[PDB]
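The residues making up each chain are set out below.
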Amino acid sequence: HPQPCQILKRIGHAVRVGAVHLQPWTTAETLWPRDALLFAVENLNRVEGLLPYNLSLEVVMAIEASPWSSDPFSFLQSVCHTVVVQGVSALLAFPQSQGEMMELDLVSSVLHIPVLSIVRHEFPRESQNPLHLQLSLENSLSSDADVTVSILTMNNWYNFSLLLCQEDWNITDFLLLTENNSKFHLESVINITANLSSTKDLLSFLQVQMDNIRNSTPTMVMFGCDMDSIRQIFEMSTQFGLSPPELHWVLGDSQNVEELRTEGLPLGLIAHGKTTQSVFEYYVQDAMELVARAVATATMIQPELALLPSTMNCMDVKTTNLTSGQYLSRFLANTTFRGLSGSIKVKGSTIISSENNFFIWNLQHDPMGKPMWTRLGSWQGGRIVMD
Amino acid sequence: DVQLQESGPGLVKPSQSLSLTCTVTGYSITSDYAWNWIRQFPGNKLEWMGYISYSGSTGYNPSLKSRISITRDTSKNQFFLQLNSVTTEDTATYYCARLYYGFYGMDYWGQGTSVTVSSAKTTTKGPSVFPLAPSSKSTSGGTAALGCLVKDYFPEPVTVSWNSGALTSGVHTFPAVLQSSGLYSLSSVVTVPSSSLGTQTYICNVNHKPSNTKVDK
Amino acid sequence: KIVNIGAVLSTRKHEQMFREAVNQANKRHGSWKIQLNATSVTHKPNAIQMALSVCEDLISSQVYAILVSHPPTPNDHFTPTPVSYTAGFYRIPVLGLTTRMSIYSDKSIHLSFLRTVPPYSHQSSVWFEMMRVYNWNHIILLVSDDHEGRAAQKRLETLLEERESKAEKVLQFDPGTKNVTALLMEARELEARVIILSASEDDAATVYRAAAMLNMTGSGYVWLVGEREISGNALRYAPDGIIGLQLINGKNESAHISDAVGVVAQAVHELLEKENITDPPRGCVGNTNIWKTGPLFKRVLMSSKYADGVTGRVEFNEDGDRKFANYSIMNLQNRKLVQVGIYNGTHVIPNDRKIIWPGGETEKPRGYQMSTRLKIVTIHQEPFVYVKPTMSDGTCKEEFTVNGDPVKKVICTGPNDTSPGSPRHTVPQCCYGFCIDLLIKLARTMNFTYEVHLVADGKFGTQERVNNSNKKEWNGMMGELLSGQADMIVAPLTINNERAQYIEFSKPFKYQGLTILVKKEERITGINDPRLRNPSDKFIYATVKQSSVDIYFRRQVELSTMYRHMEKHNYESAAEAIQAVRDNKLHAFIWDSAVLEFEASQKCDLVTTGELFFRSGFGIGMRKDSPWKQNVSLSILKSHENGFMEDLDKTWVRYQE
């Protein structure tokens, strides 16, 4: 084992993580990067074994010294000037707007340092660079579509009712996954705001739609309808007596467990809920765990790989025959583990989306008389272990 | 436009880093030509050299494939060299110009600098201040014995000039065997003029590449 | 009227050229009251420090535009990242020459990137405008790149969508391909020969060496490449004749700088003449100076149609490219720079030279290939296609016919069993009969090379919803015809409106009908009788799944109650049903009239009925856009007009004992 006692003389035998973008979140909510980083460091120090080879993620607070909400100059020039004083090893970014996000590509191109883009909303992926990662920890629809496909394949149901209420969602991935799978037979979509101001016409349209889908496709899955549409459907189901054998209502989009409807649920519906939340501290902890796993894999591959800094100045780039940034960006994409707030699954280091863990909660006819989420199945990231 | 001037230092210390500055300043430098020097030395032949690109391919021959490091100086649209431990046959007349990729030939006159292996202190000894004495007695024909006698300065392969742009009827350079003592007695001569009678003075002023001295007589 | 022009300069010569351009620009805008700033910044190696210095020097004078007048960008990867990222926050277009990379041209992440450099998208647009008279819509995308390759693929997709056509094989690859020979072999098999490389010069030299190794350089192949793809080391193995598009106003720093300065001056003049000229706040560091009129300013600057003497029309593209760059396409004939065309703005018209190819002709080459690769797919048609097992390891002894003449037979290498039995075990057999004679006659009349192969499956396929990504098409030999495996289905498929929607047919060669095989309620008297029209669970006759009889029962409007009853006795082939009905296992069997007649003439126990229905000539299934769709039909018609096909049928199918 080659002893790497010749490159830790400037970094102090510790991974110097750059704490850039320390400005509090104010644009479109009220997150705090300081408390999140503190909680992440506390969680990393509590559970031993995350940083092997006597390594420690030295989170150096790089603050310039809200007019500084999207200024790239203050968070770039002074940040590099203060971070290249001992050698740049790692860097964690917090893109607040487009101005703080576009600079990450330039940073990764001029320094060859893998950065993490913790964005709020969906940003385009024009720069398909492996060093410029994109971690959009949000409530996507890919995991929900995968769960729906698994449920349809395990129950032999090729038909479905597309509840298309609005179009300002991420239904693009739903269509992309539908074009690949052959278990989708759509006949008529269910709308709620199809130019219906009064209530009589809306009720008549709903009655016609349900009488049409009773025999066409008795499987209504939620794929983009808001909470108001679900509430109205649950209110009209009890008044009309829409039983799961007649109309099997399925709740595909599982946002949270506290936002899930727990009133007026028919006995025998498919209503799943995302156990994880959208806490920023949990996302920072998952990012820290992913960086730790990547550093561990790099050290296991080559001892002089992770300890060797990719750059040491504001303009130095690692373009040698044996680099470190490419290996660091390609190793974490293979050894994908299960994070705290959802399993961290690297999707080509460009469209990374943490797949949250779900549980099959099919509320059937409770004999005791209390509605409880019966765990008839499981979901460990694709597999379903029935009981 | 079309500028193939070789402004590289043609006089450096032996076994010293030769920072050959090839100020092309032409159309573009972003991987369009080869920009390599030719090893034209009387006595032997040359070999197929390499070619630089935007990435800075500093490998010409398999021997010096990774020894030298050509620095990409995009500020002045030129590049530097780091030729270390140069031999005798390698050190010859350099042609660091806009060499077109393909090695077809040439369509211009003979230019380029020729770096030597002589010491800087040996070559630089002081301009020989010799007054120009017109002969005006060897009236034999069109070409006689009359010209400047300036010596003891930089090697012959330099920017040879005249007294503020004098007559250049029949000027042509020719790389010859250099002297190891450093006493380069370079002195150009013209065929038709400077061979007449009277008081017509034809003092030459040979300019230097790393000195730019044009006041020596 | 105080619109300053911020120029990003690097060399003193560039500064002098910019000053001269500003001095001479008085005649362009008619000596307007605009003050062009003389900001002359020095070049810095650091990308971020140079960007900061440029931002400071431009905020010290409050300029309104960006003008990069140096091809070498300060970035290490030779990308216009710093200037774009420092101009996007201030909503200022980057009207300067940086590089010829096309990935940054597409405005996806950045919203204020208006680079006026012609990218590979402009090259693709020029190629599209030039190929309008060549009919070369089929282009083989062989670019091995992750950014430029994806940009070129998107541009080609947009071009094909705007042209209302389709491509042949469009797919991106990864840089650093070693098995490039397989790519050339795949491109040679396809009819398209438009090889496009726009990734780098290393892959260009690699594909040039791969084409020269197989002697396929210029011999009908289209080689449309640019100057960046031939620069460096790319023409060392390519012969003289490669069409190399020279980058007009892409690398020059003598007249291109002055042209860009004049264009920017005219643009800011036309913008000042129009509305939306509100001065943005001071965009200093450490402050949020997002321009609220950013989109409006970009929309006003977009409509900058002027009348120049050099270029006729000037208009930005869909990605904000150069305003109709006059790309002069050059050719490497005898290693020269002859001009073969000029992009005026609507069409590339040749001036003096035409397209020259190293292995082709100076005139229009043959881009599309012929139809000499007709893969003849065979199926179980024993009365017509006598599929005989092989006698030896490839040796097929020509057995003597009734006239004592050895019939020439072609081997049929294919899976003898079905898909579950033999997935890909292609076993050669000695297929002979009327089909081989027809193929020989067609190959003698025409000049195509037929390929005899047996289908892996044993069914024809149905047009129901398949389990493959919900593709309502045929699942079988007809589906393989659509994918590209099969080229000419020699089987006489039943012509109908359902099959005519996907592919077409040819001239029918075997004019037959549809009857029922009986074993002479003993008699069946056709299908109109109520005894078999509405059968019971124990009155189901023989039927074949995914066959002509299945399609005939599906298309029927009054036999829907019997269509569902046939699902009990569905088989994988007709041989099973024949073996069942010949051994007293089922009631009857519905199949082709000629096949049942041959079975009745051979097997004495099987006596089919006399009532014949569905008298229609079953044609040969052909492709949808095949060039020889009418040639094979005319050949079959000419062969049927004379007394040859009839005699062959009487001597082969009519086996009377």
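Parameters at a glance
Residues numbered from 1 in each chain as written, not as in the entry; some residues may be left out. Chains lettered and ligands numbered in written order. Part of a larger assembly, values for the part shown. Heavy atoms only, no water. Helix = DSSP H or I, 4+ residues; strand = E, 2+ residues; numbered from the N terminus. Buried < 20%, exposed > 50% of the residue type's maximum accessible area, 1.4 Å probe, protein only. Areas by Shrake-Rupley, 256 points an atom, 1.4 Å probe, with all protein chains shown as cover. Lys, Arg positive; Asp, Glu negative; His and termini not counted. Charge placed at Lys NZ, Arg CZ, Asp CG, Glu CD. Contact = heavy atoms within 4.5 Å. Buried area = accessible area lost by both parts, 1.4 Å probe. Salt bridge = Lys/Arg side-chain N within 4 Å of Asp/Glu carboxyl O. Polar contact = N/O pair within 3.5 Å; in protein donor to acceptor, adjacent residues only side chain to side chain. Nonpolar A, V, L, I, M, F, W, Y, C, P; charged D, E, K, R; others polar. Pairing = 2+ DSSP bridges. Core = buried A, V, L, I, M, F, W, Y, C linked by side-chain atoms within 4.5 Å. Axes fitted to C-alpha atoms, helices over the stretch in contact; angles between N-to-C directions. Parallel < 35°, antiparallel > 145°, perpendicular 65-115°, else oblique. Left-handed = near helix turned anticlockwise from the far one by under 90°. Right-handed = clockwise from strand over helix to strand, strands pointing away.

Structure determination for this PDB entry was carried out by cryo-EM, with a resolution of 7.73 Å recorded in the header.

The subject of this paragraph is the overall build of chain A. Along chain A, the regular secondary structure elements total 10 helices and 8 strands. Each of the three principal axes of chain A carries a C-alpha extent, and together these read 75 × 45 × 35 Å. When burial is assessed residue by residue, chain A has 53% of its 387 residues classed as buried. Accessible surface computed for chain A: about 18,000 Å², of which carbon and sulfur atoms make up 57%. With 22 positive and 38 negative side-chain charges, chain A shows a spacing of 9 Å between the two charge centroids.

Residue-level contacts link 19 residues of chain C with 16 residues of chain B. Looking only at chain C, the three residues that lose the most surface to chain B are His-43, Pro-72 and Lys-251 of chain C, adding up to 25% of its buried area. Run the count over chain C and chain B and you get 1 salt bridge. Put simply, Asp-32 of chain B and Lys-251 of chain C hold a salt bridge, and the shortest N to O gap is 4.0 Å. The interface formed by chain C and chain B contains 4 residue pairs in polar contact. Class assignment of the residues belonging to the side of chain C that touches chain B gives a composition of 4 nonpolar, 8 polar and 7 charged.

Attention now goes to the sheet that holds strand β10 (residues 375–378) of chain C. All names here are of chain C. In space, the 5 strands of this open sheet follow the order β14-β10-β15-β22-β16, with mixed pairing throughout. Sheet topology places β14 (451–454) and β16 (504–505) at the edges, where each strand pairs with a single neighbour. Two strands pair when backbone bridges link them, and strand β15 (residues 488–492) and strand β22 (residues 620–622) are joined in this way by 2 bridges, in the antiparallel orientation. Looking across to β22, one finds that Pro-492 is bridged to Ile-620.

Now for unusual backbone geometry. Among all residues save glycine, negative phi is the norm, and among peptide bonds the norm is trans. Positive phi outside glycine occurs at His-21 of chain A, with the angle close to 60 degrees. For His-21 of chain A, the position within the fold is in the loop between β1 (15–19) and α1 (33–46). Despite not being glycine, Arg-335 of chain C has its phi angle at roughly 55 degrees, a positive value. With respect to the helices, strands and loops of the structure, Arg-335 of chain C is situated in the loop between β7 (328–331) and β8 (338–343).

A word on the nonpolar core. The tendency in soluble globular proteins is for nonpolar side chains to be buried as a group. Residues and elements named next belong to chain C. Grouped together as the largest cluster of nonpolar side chains are 73 residues, with contacts concentrated most on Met-477, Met-488, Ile-489, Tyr-541, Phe-553, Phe-589 and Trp-591. Excluding residues within four positions of it along the chain, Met-477 makes contact with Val-377, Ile-379, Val-455, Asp-457, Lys-459, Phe-460, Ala-486, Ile-489 and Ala-491. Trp-136, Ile-139, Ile-196 and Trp-223 belong to the second-largest nonpolar core, a separate cluster that totals 51 residues.

The next subject is the interface of chain C and chain A. Between chain C and chain A, the contact holds 37 residues from the first and 34 residues from the second. Summed over both sides, the interface of chain C with chain A buries roughly 2,900 Å², with 58% coming from carbon and sulfur. In this structure, the connection of chain C to chain A is made through 15 residue pairs in polar contact. Those elements that place two or more of their residues in the side of chain C that touches chain A are α2 (47–59) and α3 (81–87) of chain C. At 5 residues, the largest contribution of residues to the side of chain C that touches chain A is made by α2 of chain C.

Attention now goes to the pattern of salt bridges. Counted by the stated rule, this structure contains 24 salt bridges over all chains. Here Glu-235 of chain A ties to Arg-231 of chain A by a salt bridge, and the two come within 3.7 Å at their closest N and O atoms. Taken together, the residues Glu-235 of chain A and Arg-231 of chain A, both in helix α7 (residues 227–240) and 4 residues apart, mark about one turn of the helix. Close ionic contact of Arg-155 of chain C with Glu-318 of chain C constitutes a salt bridge, the shortest N to O distance being 3.0 Å. Taken as a pair, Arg-155 of chain C in helix α5 (residues 148–162) and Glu-318 of chain C in the loop between α10 (294–302) and β7 lie far apart in primary sequence, 163 residues in all. Residue classification places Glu-318 of chain C among the partly exposed positions, given a relative accessible area of 46%.

Residue and element names in this part refer to chain C. Along the chain, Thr-79 turns up in the loop between β2 (66–68) and α3. On the basis of relative accessibility, which here comes to 6%, the residue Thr-79 falls in the buried class. Once residues lying within four places of it in the same chain are set aside, the contact partners of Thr-79 are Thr-73, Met-101 and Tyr-104.

All names here are of chain C. For the pair helix α11 (residues 434–445) and helix α20 (residues 645–652), the least separation of the axes is 10 Å and the interaxial angle reads 160 degrees. Relative to α20, α11 is oriented roughly antiparallel. Note on packing geometry: the crossing formed by α11 with α20 is right-handed. Together, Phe-434, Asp-437, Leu-438 and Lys-441 of α11 and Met-645, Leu-648, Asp-649 and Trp-652 of α20 make up the contact between the two elements. In terms of residue class, the contact of α11 with α20 is built from 5 nonpolar, no polar and 3 charged.

Right, let's get into the pairing of strand β5 (residues 222–226) of chain C. All names here are of chain C. Burial within β5 is extensive, with 5 of its 5 residues counted as buried. With 2 bridges joining them, strand β4 (residues 194–196) and β5 adopt parallel strand pairing. Bridge pairing links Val-194 to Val-222 in β5. A crossover links β4 with its parallel partner β5, the connecting element being helix α7 (residues 201–213), and its sense is right-handed.

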